[PDB]
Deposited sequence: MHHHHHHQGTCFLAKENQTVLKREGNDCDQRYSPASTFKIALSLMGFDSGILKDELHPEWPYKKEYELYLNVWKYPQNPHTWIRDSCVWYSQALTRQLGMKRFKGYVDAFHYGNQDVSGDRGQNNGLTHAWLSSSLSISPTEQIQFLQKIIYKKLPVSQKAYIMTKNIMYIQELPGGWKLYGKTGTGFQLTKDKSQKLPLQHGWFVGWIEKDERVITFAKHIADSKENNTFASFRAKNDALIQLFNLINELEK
């Protein structure tokens, strides 16, 4: 149990709610933000629609939207994990670890699960890699202010495929959900992280929730839903 909502504009913390803002958790599918940067920077990923890769082993697909061909745009939209894993297999562990350290991403632990030698494709899936809400903000701001050693194309294409919608006031919303499992019934924890931008202003945010009990719905969706209310409220205060 415990939540966090952080919102930060440049060096200014505008909102800090909840008790968990310095607790590290697995990033789950929010790690696709970092994978996008690696994919476009390495040249494995080309643009919003290329490359398109086909699905394999459909019997292990728990969401029907994953059973179609995927490209970087659909990858983020559908949160398609198998596309992430095909990408890291192409990158290889050396380059994968190189990017994780260059991004100073959370605890930077890509060793994976014990007895599995599966860090390359599982480090971010309720496993070794762990990041706090404060550390999500730190990473996202390095994207926003282009402080990372990656190409201009990596920044632009990552931004393009993270776009979600326009919020009141014209604040454009970019971000990513992710659900992980706390380590019997499944105890979820959920993220929604990203930023909103209007004119020359960018506000980075991170929302996390940790369930104490099994739940009817994906924790990421509840985190996103709560976060959007908190962002609506913040925008109203900002526009006074």
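Unmodelled regions (deposited sequence positions with no C-alpha coordinates, counted from 1) are 1-7, 191-196.
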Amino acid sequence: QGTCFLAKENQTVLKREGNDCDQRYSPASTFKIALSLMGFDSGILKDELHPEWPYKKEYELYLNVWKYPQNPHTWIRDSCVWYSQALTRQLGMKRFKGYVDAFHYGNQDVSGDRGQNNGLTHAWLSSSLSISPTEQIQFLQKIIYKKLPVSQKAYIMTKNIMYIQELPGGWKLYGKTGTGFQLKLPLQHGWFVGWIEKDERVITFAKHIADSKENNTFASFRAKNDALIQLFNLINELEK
From here on, numbers count along this sequence of modelled residues.
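If you average the C-alpha B-factors over 225-233 and over 15-23, the higher value belongs to 15-23. Mean C-alpha B-factor is higher over 107-115 than over the other stretch, the pair under comparison being 121-129 and 107-115. Which of 81, 148, 100, 162 has the largest Cα B-factor in the deposited entry comes down to 148.
Out of 183, 28, 193, 35, it is 183 whose C-alpha atom has the highest B-factor in the PDB entry. Ranked against the other modelled residues of its chain, the C-alpha B-factor of residue 156 as given in the entry falls in the highest third. Per-chain ranking of the deposited C-alpha B factor places residue 178 in the lowest third. Residue 169: CA B factor lies in the middle third for its chain, per the PDB record. When the modelled residues of the chain are ordered by C-alpha B-factor, residue 70 sits in the middle third. Among all modelled residues in this chain, the alpha-carbon of residue 45 has a temperature factor (C-alpha) in the middle third.
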